[PDB]
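Below sits a lone chain in structure tokens, taken as the form deposited in one PDB entry.
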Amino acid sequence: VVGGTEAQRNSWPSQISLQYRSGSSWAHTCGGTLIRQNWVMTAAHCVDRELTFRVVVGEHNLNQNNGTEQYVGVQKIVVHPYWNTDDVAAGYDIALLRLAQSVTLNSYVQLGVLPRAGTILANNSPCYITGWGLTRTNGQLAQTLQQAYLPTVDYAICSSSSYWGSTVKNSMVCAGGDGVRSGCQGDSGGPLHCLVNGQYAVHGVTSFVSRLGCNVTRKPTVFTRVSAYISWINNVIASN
């Protein structure tokens, strides 16, 4: 997250870190959301490589012991049948991960609330991006969870030539575009938490930013619109 502020410990308990076995260490690669005690929702872009994956819940500092962490293997990976690595503009950037164990819920570990199917936010809706990704374009990862306030930009504006134009689809959400805050590398897969009816729900899965850089004016951060995939999610879980 560029232009973030450090997240309080217990504010975003459905945020996870998706890590891969890097040599003999484990590296943060992505974010995700816990949606079931044994299911994680992240971006399909995060699993394009055939890596050994793990999920960390109750994580606040990647490099220190918080005293709250649960570390769980991934048992199964389900990418969206229409995902294609070479065409991220097409959308379908979503994956579900079945965990090798069910985690224990607590104040640091909760399920992500999903929107109702087909829900679309009003322009300039109040949302937060969270993640441990680059705090600058070509920077380094954050050690602590970061948050940024990132209003939505409706499809009408977002698909205008000045913004993203045709690269964005109605199956996406755009948020931000101020040139100061954004998501950035290592945030994708993660949540966009939007306040609706006085409850935070997860409306986006962080997908991409400009090639030009992370925090680019009139280049919002782009998300998979979760409320487009609700049947899909429920079908996979039912059947796995």
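A residue's number is simply how far along the shown sequence it sits, counting from 1.
- Per-stretch averaging of Cα B factors for 129 to 137 and 73 to 81 places 73 to 81 on top.
- Of the two segments, 7 to 15 and 221 to 229, the one listed with the higher mean B-factor is 7 to 15 (C-alpha atoms only).
- Across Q110, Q147, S161, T144, the entry's maximum B-factor at the CA atom is seen for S161.
- For the set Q101, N106, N170, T152, the maximum C-alpha B-factor listed in the entry falls on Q101.
- Per-chain ranking of the deposited C-alpha B factor places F208 in the lowest third.
- For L195, the recorded CA temperature factor ranks within the middle third of the chain's modelled residues.
- Looking at the C-alpha B-factors along this chain, the one for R54 belongs to the middle third.
- When the CA B factors of the chain's modelled residues are split into thirds, the value for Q37 lands in the middle one.
- Among the modelled residues of its chain, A43 has a C-alpha B-factor that falls in the lowest third according to the deposited record.
Although it is not shown, the form deposited with a small molecule bound is what the next lines describe.
- Stretch 60 to 68 is the answer when you ask which of 173 to 181, 60 to 68, 196 to 204, 33 to 41 has residues with heavy atoms within 4.5 Å of the small molecule in the deposited bound form.
- Interface residue among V74, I157, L141, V79 relative to the small molecule in the deposited bound form, by the heavy atom within 4.5 Å criterion: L141.
- Contact between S14 and the small molecule in the deposited bound form is not found at the 4.5 Å heavy atom cutoff.
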